[PDB]
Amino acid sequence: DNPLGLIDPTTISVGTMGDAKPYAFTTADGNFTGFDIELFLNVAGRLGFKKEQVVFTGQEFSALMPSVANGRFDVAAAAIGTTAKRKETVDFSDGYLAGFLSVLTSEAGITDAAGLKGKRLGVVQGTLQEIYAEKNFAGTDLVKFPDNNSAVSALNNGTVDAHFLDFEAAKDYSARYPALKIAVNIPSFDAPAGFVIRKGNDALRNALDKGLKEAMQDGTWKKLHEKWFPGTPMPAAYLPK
C-alpha cells in the first residue's frame, strides 16, 4: 500500500535547490547535499527509506511550494521559512532551524539598514527576504533574481549594491568572494525552516515530525548543525532534552 501518500510508494521525491549552500546545494558531481538535505535523509531513514530511495530535484525557490501543492514532489526541503501565508498553500513539518536574514554587500558597501535607502538590493523571487524588504525597506530599489548565484554575480559586477539572502548562504558567499561582507542581520525566528508537504498529507507530516524530534533528541541534529554551520549558536529547543 501507500500509508505516506507518496507519488510512488517506494520512493520519496524531494524538491530542493542547487544554490542555497550550506542549507541545500549541489556538489561538483551534481549530488544534493547540505544541512537540510542531510537532515531530511536522516529523517527519511527513520521513516524506512534508504538514501537510494530519496530523489532530489533542483528548482528555483519560487517553484518549490507550487510544485508540492501541484503534486510534482512529495516534500520540499530548502530552508523554507514557516509562515501563515505559506500555510495557506502547503503544510509544514515542525521547525528545524531558526536564524537571520542577511544583507550581503561589497567591501566598501552599506554599513546598516539605513544605508539601504535609495540603493539597489537584490532578492530571490518568492523568498521571505522579498516580503521583508517590501515591508521594512521602503525606498530601496528591489532587484528580483531567479536565484542566489545570479544575484551574487550582479553584486560582484556592481549591478546591485547588496543582496538579501539567508545568513548561512551570505556567510558562505563571503567566504567564496572575500571582498563580500554581511552588513545587516534581520531576525527570522518567527519563520523557522520546515519541510513542506502537500495540504493536508497528515501521515507524511506526522512521520516527518517524529523523525525530526528523534534526530534532535539523539544529537543527530546537533552533529549536522556543527558540520554545516560552524560557529552558529544552537538553541536548547533543537538539542537533546
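All residue numbers are counted from 1 along the displayed sequence.
Note on 48-56 vs 188-196: mean CA B-factor is higher in 48-56. Between 199-207 and 59-67, it is 199-207 that carries the larger average Cα temperature factor according to the deposited entry. Take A169, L104, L142, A78 and read off each C-alpha B-factor from the entry; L142 has the highest. Annotation for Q129, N148, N136, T82: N136 ranks highest, by Cα B-factor.
The entry lists a Cα temperature factor for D19 that places it in the lowest third of the chain's modelled residues. Split the chain's modelled residues into thirds by C-alpha temperature factor. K87 is in the middle one. In this PDB entry, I110 carries a Cα temperature factor that places it within the highest third of its chain's modelled residues. The deposited CA B-factor of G34 belongs to the lowest third of values across its chain. In the deposited entry, the Cα temperature factor of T232 places it in the lowest third of its chain's modelled residues.
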